[PDB]
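Next come the chains, spelled out residue by residue.
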There are 2 protein chains.
Amino acid sequence: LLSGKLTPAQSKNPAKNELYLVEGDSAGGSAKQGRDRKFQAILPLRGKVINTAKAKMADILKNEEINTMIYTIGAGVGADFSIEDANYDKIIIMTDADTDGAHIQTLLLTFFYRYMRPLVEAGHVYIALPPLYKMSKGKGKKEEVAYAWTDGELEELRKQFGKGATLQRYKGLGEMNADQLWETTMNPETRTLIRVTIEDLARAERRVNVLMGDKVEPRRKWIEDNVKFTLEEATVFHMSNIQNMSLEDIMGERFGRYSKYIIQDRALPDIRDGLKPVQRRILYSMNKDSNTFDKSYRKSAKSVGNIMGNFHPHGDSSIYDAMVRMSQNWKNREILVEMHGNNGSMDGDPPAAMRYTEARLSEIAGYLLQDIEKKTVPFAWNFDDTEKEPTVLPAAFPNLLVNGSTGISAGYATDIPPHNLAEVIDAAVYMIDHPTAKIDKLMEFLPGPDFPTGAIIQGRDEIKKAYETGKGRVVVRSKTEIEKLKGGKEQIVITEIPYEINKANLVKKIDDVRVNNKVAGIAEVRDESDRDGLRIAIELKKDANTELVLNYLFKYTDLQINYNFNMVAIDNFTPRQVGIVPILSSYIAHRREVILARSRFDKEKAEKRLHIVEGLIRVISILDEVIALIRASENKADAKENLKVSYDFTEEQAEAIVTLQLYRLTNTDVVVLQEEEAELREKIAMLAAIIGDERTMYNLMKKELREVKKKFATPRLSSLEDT
Amino acid sequence: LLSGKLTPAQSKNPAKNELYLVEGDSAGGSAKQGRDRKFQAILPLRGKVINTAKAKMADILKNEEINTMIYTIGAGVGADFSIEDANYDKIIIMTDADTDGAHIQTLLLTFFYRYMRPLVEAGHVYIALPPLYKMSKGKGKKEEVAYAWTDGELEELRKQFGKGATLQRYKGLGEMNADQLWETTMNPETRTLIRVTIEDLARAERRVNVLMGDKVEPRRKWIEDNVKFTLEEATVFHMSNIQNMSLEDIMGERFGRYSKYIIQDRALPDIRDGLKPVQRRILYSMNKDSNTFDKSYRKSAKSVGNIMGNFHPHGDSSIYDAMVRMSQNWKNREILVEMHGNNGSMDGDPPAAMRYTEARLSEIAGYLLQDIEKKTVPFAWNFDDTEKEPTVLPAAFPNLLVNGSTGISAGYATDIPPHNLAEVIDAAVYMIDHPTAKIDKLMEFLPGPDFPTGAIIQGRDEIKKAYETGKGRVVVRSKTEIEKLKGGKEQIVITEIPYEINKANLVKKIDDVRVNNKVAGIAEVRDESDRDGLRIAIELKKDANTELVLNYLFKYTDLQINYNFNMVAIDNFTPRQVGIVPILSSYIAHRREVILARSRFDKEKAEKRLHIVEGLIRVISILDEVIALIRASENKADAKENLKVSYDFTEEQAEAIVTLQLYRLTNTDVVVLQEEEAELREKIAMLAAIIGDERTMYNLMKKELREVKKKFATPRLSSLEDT
DNA sequence: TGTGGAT
DNA sequence: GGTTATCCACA
DNA sequence: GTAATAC
DNA sequence: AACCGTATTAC
Ligand SMILES: Nc1nc(-n2cc(C(=O)O)c(=O)c3cc(F)c(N4CC(O)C4)c(Cl)c32)c(F)cc1F
Ligand SMILES: Nc1nc(-n2cc(C(=O)O)c(=O)c3cc(F)c(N4CC(O)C4)c(Cl)c32)c(F)cc1F
Ligand SMILES: [Cl-]
Ligand SMILES: [Cl-]
Ligand SMILES: [K+]
Ligand SMILES: [K+]
Ligand SMILES: [K+]
Ligand SMILES: [K+]
Ligand SMILES: [K+]
Ligand SMILES: [K+]
Ligand SMILES: [K+]
Ligand SMILES: [K+]
Ligand SMILES: [Mg+2]
Ligand SMILES: [Mg+2]
Ligand SMILES: [Mg+2]
Ligand SMILES: [Mg+2]
């Protein structure tokens, strides 16, 4: 039992019986509770189903998921498939109406297309369509509720019953009671299915192969040609009852949805702040709840739950793991999260679960969020429109290069290594002064990656290649040294190992060399590392060739590796392969937007204030007259009107005056107000200049970047060699 | 298979090596990272370890946990045990410094006492002792590393720089980095151990048996005699270095701590609101965050995380399960939580995890929390003194009987069944009017339990026994009926089953009767239930004695069971076996406290306001003088002083006047103020009367209880017979 | 054997 | 997301 | 055969 | 709390 368990129908009836294939055991539960057991069976699917186009045939029939699905249908597969031996008249695929749901449908259809074709062409495979929306009228036991799949139906409901009704946007099947699920999706009389058909065998074949086959480039090409990254889509105005659709159209619509989503909004970083959406949300949410470096740590489970509740509609598993990674300093050059407890190690042993650990933002993460409160960055509504979230962070340092990013999307992947903050900033500052700067010059400031794990990087020519094209291959090699021993014996001591390499497996792989005697002369392998340093010790036998051994180990173990740059990121909504120049130029452009926006915000504040202060200065000279005036008025409105009519204060000033507390009349110091007036006028001038002159703005940009480097700069860790 | 895995020391050295036995794999991780691997081994323990006194040797060595612990020490067990074959000189037990930690230590010591005695008396078992406190990582720029085990040591640390920098209270090992853990508790040079010794074999034997043996009554007696339920404790001035302690004293100190905690603060309900701490926290936290019945549902994971982060220092597993239970209407007579999604069923299939579901408080749960904002109920500080939490809820209905409670503590257990709200309130109302009311009379209003699952309760005489003494045994029997069929055949149709019985297992157990043919004449068993009703059908064969079958099924399946009342609850911090009379009288006494407290609160508001209004009325008559006065003052303080000195306003009035907005000086309408003054005086009179006359107060109490009954009353579900 | 808050 | 253990009391 | 967000 | 599967890309 690696596969979900079948809950059968009460009877045997191939004419009528239906097999529901449900996304996840939990919804499988609800389905089992909500069904009509006389003729409806339930088989839950455990997450993502094997790609039957990519994988072998051997392996496909080692997949318990598949075998229990074959068995259950009771008609074998492929070669011998007999439709008259089927146990159900209908196979209904029921997933969340979200992207990952779309992906599962895709994966299943390419199973049935490739191994149970007669079933598909006989019109016996369907997609169940859960509702997207629920409208609720009153409260308590006077609730009242209806459902809607399109935006047009939803608009029709706003009349039907409105005048204070509210709306739930379903994010999955997991938010539905079994009776809700029956009424909308499982009841023959009221459900809405789509019947999958094959209109053209040729077009369907080609369509399945391009989207699901092991060849990446056709699929990428397809994505570039079909998905509009820049735009929105509009949902299929579903027809109540059955609706036919071609396998071709389904596969295209579904895979398109999924591709786009996991490109834009999962696996690939934004070119400006170098964050994936999950990471952005972790930081924003934590920041918003004041979980910052200067304040107490806060239980990880709390942070995670708020992230999941307010921003990120996905498993806690994913969120926590991401948050953990941001805290591991052997993975990030500048950690964005501090976390008390067991957050793993280089040995790759599992971190404590969120119930154990506690966490806060690091100091430098502060700087990613700097000036977010000042309308510096575009915000969007979250999934249930309760709350706005940033689409990108201000990013007062260029985090994409500094911490890098690895990911795997559809049609694209990324591997950007980390860099030294100070070097990166030196580069950015040069580029601010020299927009057309080329790679050779930039590489005087930014010579290459700087891994948190240190070690030796070799391959100047390929570093340059990578910085030009986004791709290159470099060599990363462990830092070693020899120690003499009693007996006329040596030992090799490793003190730094290559990025992304699991220490405990490295040590094991090395000891396999000894055990199998692949190279002569290894006495014993011992991991001697501790909380104060990395130290692997390879004790050699008496007079064995130290250099023969060390060379063998570099060659045939991960004591030395190749790192491959594949620098891909999201620029204007679309994925893009990019070198240093696009990266740095995008960052600069972004900081420009931030600073301008910041300065417009701060200037409006100072303006509004100065206008008040100008009025208060006047008031003082006529204080008694103003009191008499207010006293002689009828009410708040009347008083303001008289202040305007009689002394030409503005509405804004009049409001300020009239809302002053009585005790203010004691303090009547004009010069302190005049000093404030002065400093405001100065402040507005500085800010106006920035808005009004690109050079002034860019000089500020550079000033701030240097302040950051000054504060956070650290020595390089990885040494660079040329060959 | 099932037990934690040993991470060994680099070398073999029985003279020096140490085996750390660690509470949980996660802390096992930290320990493994923090240790000095040359001589320190690590074996994690997975939660609670088998009680080697209660369970009998055989099952004890089918316990993988124990076998891998025997194996690891390498000296066999029992009478074989050879100390010179041990692999370590020291066996160090390292748990959280919390109650469940204490419990683990207990369980382990009774293993080593009973099966490895020479090891204990050779002074080779130890307890690890992690710190309770830390003087802030958020204390400027850190450089603080300051830890403390007692309150006295903590007071000594308060004389460190930053004159008011902060304190972390460690709740477990999970909040410590591996280097923190080394420095405080694993490093020979700086750790503080307790060395376990046997000072008196006889006293130790007796002490272990009473606390750990299968006999409950000696243990209860021990608890009654030793645990001070109404007191605080005080820790040992621990000695830097080793400190010796007798097995006897350790077992007593540790088990005492655990017993007390799981009696008062885990498994047993409070007699007034009928809640366990976890349940109270769920409701308080959810209410505080406005997650109420009239507002939209909110992701379960979010709720849980906030509960865990602010109030309840225990696993999410426990919290969520408790929250789920509060939503299942076949477990609670009046559900306190509404939950969208798969929250289980009577078939006992597993609920969806908190990442799937969403939830809010039910309408009636509102009434448990009613007037919490009004200082009606004692609050305590939470574990990290950031926030106060209620020790009991106001409880505007008598939830203990209405929903009941089942639990298992140490020395005590509880089983209180649910009751019909209307009946319960009728009883309470009678008792308000008739304090000395006896059971016979009360049972005219409250005749017995009312299970949410319905069915038939038999045994009036035992119900009465239970209502007098707190114990009784009743019979709960499924609701059945016969249906005639075609071939001169009958079938038994069950429509309601007994409380706490899993339907799907019942159906299975019944079908096993058929399959094994234990009794003749069963044709087929069919669960025909659906989301609209429960319906099991037992089709009988032609001429089989349907009464012989039905009787066999009542006897030998859970189609009929015995329910045992064991009504135990917490009254003045101590556990107490109680009938209806203590229960109802405690509730009434509680509502009295609430209403008095409520009325004192509301009256203080009205008082403070009336005093303000009296002052404002005066001001108007002397408005010009008051302005001149303020104008002639120096500052806010000075103005108030002059208002007091010159016009005998109070501080409270003076503050109000001086903080008025200028536009208030328009108004000279005394009438509207006078009407408010009038209403306030009236309101205070009503409230004063309640505080000042028991009768008035109790009539209110009764009024409110009737309002509640009127609103929430539901027909009885369980029918009552006498057997 | 199995209830429900705990590890 | 299911599977697998223990504690505790009481029939 | 492995990285990291997802189911 | 560990153990167990999958998708997606590029060496
Ligand atoms: N039943 C279902 N489980 C999963 N699922 C979720 C995991 C997670 O949230 O981190 C996970 O780590 C995980 C590991 C597994 F090994 C795994 N396996 C299927 C078993 O046969 C092995 C599955 Cl399935 C896993 C799912 F995403 C959806 C499910 F319905
Ligand atoms: N490794 C550890 N696990 C647990 N633990 C925790 C559970 C929970 O928080 O809900 C749980 O449901 C659970 C079930 C188990 F079956 C179980 N088993 C021990 C295995 O051999 C089977 C264990 Cl251990 C369990 C622990 F509380 C502490 C741990 F270190
Ligand atoms: Cl087609
Ligand atoms: Cl002793
Ligand atoms: K068949
Ligand atoms: K850590
Ligand atoms: K190599
Ligand atoms: K003011
Ligand atoms: K539900
Ligand atoms: K029975
Ligand atoms: K005012
Ligand atoms: K007026
Ligand atoms: Mg989903
Ligand atoms: Mg996982
Ligand atoms: Mg603990
Ligand atoms: Mg569990």
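Located above this text is the structure these notes cover.
Below, the structure is looked at part by part.

The next subject is the interface of chain A and chain B. Listed as interface residues are 72 residues of chain A and, on the opposing side, 73 residues of chain B. The junction of chain A with chain B conceals about 6100 Å² of combined surface from both sides, 52% of it contributed by carbon and sulfur atoms. For the chain A face of the interface with chain B, the top three residues by lost area are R531(A), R631(A) and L662(A), together amounting to 13%. Notably, a salt bridge pairs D349(B) with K32(A), separated by 3.6 Å at the nearest N-O pair. Our count for the chain A to chain B interface comes out at 29 residue pairs in polar contact. Contributions of two or more residues to the side of chain A that touches chain B are made by α1 (25–34), α6 (178–186), α11 (300–310), β13 (337–340), β14 (358–361), β23 (522–527), α21 (623–631) and α23 (651–658) of chain A. Each residue belonging to the side of chain A that touches chain B can be placed in one class, and the counts come to 19 nonpolar, 28 polar and 25 charged.

Relative to the elements of secondary structure, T666(A) occurs in the loop between α23 and α24 (670–692). Judged by its relative accessible area of 10%, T666(A) is buried. Between the alpha carbons of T666(A) and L181(A) there is a distance of 68 Å; along the sequence they are 485 residues apart. If we ignore the near neighbours within four places in the chain, the residues touching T666(A) are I630(B), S633(B), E634(B), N635(B) and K636(B). Here the side chain of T666(A) touches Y663(A) through a polar contact of 2.8 Å, landing on its backbone oxygen.

Once that is clear, we can look at the protein's contact with DNA strand E. Residue and element names in this part refer to chain A. Around DNA strand E sit 17 residues in total, of which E23, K276, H312, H314 and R325 are the nearest. Here, DNA strand E places atoms within 4 Å of the protein, and 82% of those atoms are sugar or phosphate. Here a sugar or linking oxygen of DNA strand E sits 2.6 Å away from a polar atom, N or O, in the side chain of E23. Within the side chain of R325, one N or O atom sits 2.7 Å away from a phosphate oxygen of DNA strand E.

As enumerated under the stated definition, the model contains 24 aromatic pairs over all chains in all. On the numbers, 4.9 Å between centres and 20° between planes, the contact of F451(A) with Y499(A) is stacked. Taken together, the residues span a long stretch of sequence, with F451(A) in the loop between α16 (439–442) and β19 (456–458) and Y499(A) in the loop between β22 (489–494) and α18 (503–516) at a distance of 48 residues. According to the relative accessible area criterion, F451(A) is buried, its value standing at 0%. Overall, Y499(A) belongs to the buried group, its relative accessible area being 5%. Judged by centre distance (5.5 Å) and plane angle (80°), the rings of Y563(B) and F565(B) are edge-to-face. Residue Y563(B) is classed as buried on the basis of its relative accessible area, which comes to 4%.

This part is about the nonpolar core. In terms of nonpolar packing, the biggest core is built from 202 residues, with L336(A) and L336(B) touching the most fellow members. Per-element tally for this core: the top contributor is helix α15 (residues 421–433) of chain A, with nine residues. Setting aside residues up to four positions removed in sequence, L336(B) forms contacts with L275(B), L283(B), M326(B), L361(B), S362(B), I364(B), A365(B), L368(B), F397(B), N399(B) and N403(B).

As a further point, take the relation of the copies chain A and chain B. Once turned by 180° and shifted 0.0 Å along the axis, chain A lies on chain B with an RMSD of 1.2 Å. These values place the two chain copies in the arrangement generated by a two-fold rotation axis. A share of 94% of interface residues in chain A that are also interface residues in chain B marks the association as one of identical surfaces.

To continue, consider the pattern of salt bridges. Here the idea is simple: oppositely charged side chains can pair when their charged atoms come close. Using the criterion set out here, one finds 130 salt bridges over all chains in the structure. The closest approach of N and O atoms between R526(A) and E528(A), which form a salt bridge, is 2.7 Å. Measuring nitrogen to oxygen at the nearest pair gives 3.1 Å for the salt bridge that ties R576(B) to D571(B). Overall, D571(B) belongs to the partly exposed group, its relative accessible area being 24%. What you see here is one network of salt bridges that share partners, running through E483(A), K489(A), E524(A), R526(A), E528(A), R535(A) and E539(A).

Quick look at the site of ligand 1 now. All names here are of chain A. Lining the immediate environment of ligand 1, one finds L2, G24, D25, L45, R46, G47 and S317. In this structure, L2 approaches ligand 1 through a main-chain N or O atom, which is 2.6 Å from an oxygen atom. A distance of 2.8 Å separates a nitrogen atom of ligand 1 from a polar side-chain atom of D25. Protein chains bury 43% of the 560 Å² of accessible surface belonging to ligand 1 in isolation. Looking at side-chain class alone, the shell around ligand 1 contains two nonpolar, three polar and two charged residues.

All names here are of chain A. With antiparallel pairing, the three strands of this open sheet are ordered in space as β12-β14-β13. Two strands in the sheet have a free side with no partner beyond their single neighbour: β12 (298–299) and β13. Bridge analysis of β12 against β14 gives two bridges, and the strand direction is antiparallel. Along β14, the bridge assignment pairs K299 with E358.

Here we take up the packing of helix α20 (residues 580–621) of chain B against helix α23 (residues 651–658) of chain B. Residue and element names in this part refer to chain B. Where α20 meets α23, the closest approach of the two axes is 9 Å, and the angle between their N-to-C directions is 60°. Of the possible angle classes, the one that applies to α20 and α23 is oblique. When the axes of α20 and α23 are compared, the crossing they make is right-handed. Across from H611, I612, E614, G615, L616 and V619 in α20, the residues of α23 making contact are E652, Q653, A656 and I657.

Turning our eyes to something else, we now look at the protein's contact with DNA strand F. Lining the immediate surroundings of DNA strand F are 32 residues, of which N51(A), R219(A), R220(A), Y356(A) and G411(A) lie closest. Restricting attention to atoms of DNA strand F within 4 Å of the protein, one finds that 84% of them are sugar or phosphate atoms. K471(A) places a polar side-chain atom, nitrogen or oxygen, 2.9 Å from a phosphate oxygen of DNA strand F. Among the elements of the structure, α3 (99–115), α8 (216–226), β20 (471–477) and β25 (560–566) of chain A together with α1 (25–34) of chain B are those that each provide at least two residues to the surface near DNA strand F. Per-element tally for the surface near DNA strand F: the top contributor is α8(A), with three residues.

Here is what the cut-offs are and how they apply
Residues numbered from 1 in each chain as written, not as in the entry; some residues may be left out. Chains lettered and ligands numbered in written order. Heavy atoms only, no water. Contact = heavy atoms within 4.5 Å. Buried area = accessible area lost by both parts, 1.4 Å probe. Salt bridge = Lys/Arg side-chain N within 4 Å of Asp/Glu carboxyl O. Polar contact = N/O pair within 3.5 Å; in protein donor to acceptor, adjacent residues only side chain to side chain. Helix = DSSP H or I, 4+ residues; strand = E, 2+ residues; numbered from the N terminus. Nonpolar A, V, L, I, M, F, W, Y, C, P; charged D, E, K, R; others polar. Buried < 20%, exposed > 50% of the residue type's maximum accessible area, 1.4 Å probe, protein only. Near = heavy atom within 4 Å. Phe/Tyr/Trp six-rings, centres within 6.5 Å; stacked < 30°, edge-to-face > 60°. Core = buried A, V, L, I, M, F, W, Y, C linked by side-chain atoms within 4.5 Å. Least-squares fit on C-alpha atoms. Areas by Shrake-Rupley, 256 points an atom, 1.4 Å probe, with all protein chains shown as cover. Pairing = 2+ DSSP bridges. Axes fitted to C-alpha atoms, helices over the stretch in contact; angles between N-to-C directions. Parallel < 35°, antiparallel > 145°, perpendicular 65-115°, else oblique. Left-handed = near helix turned anticlockwise from the far one by under 90°.

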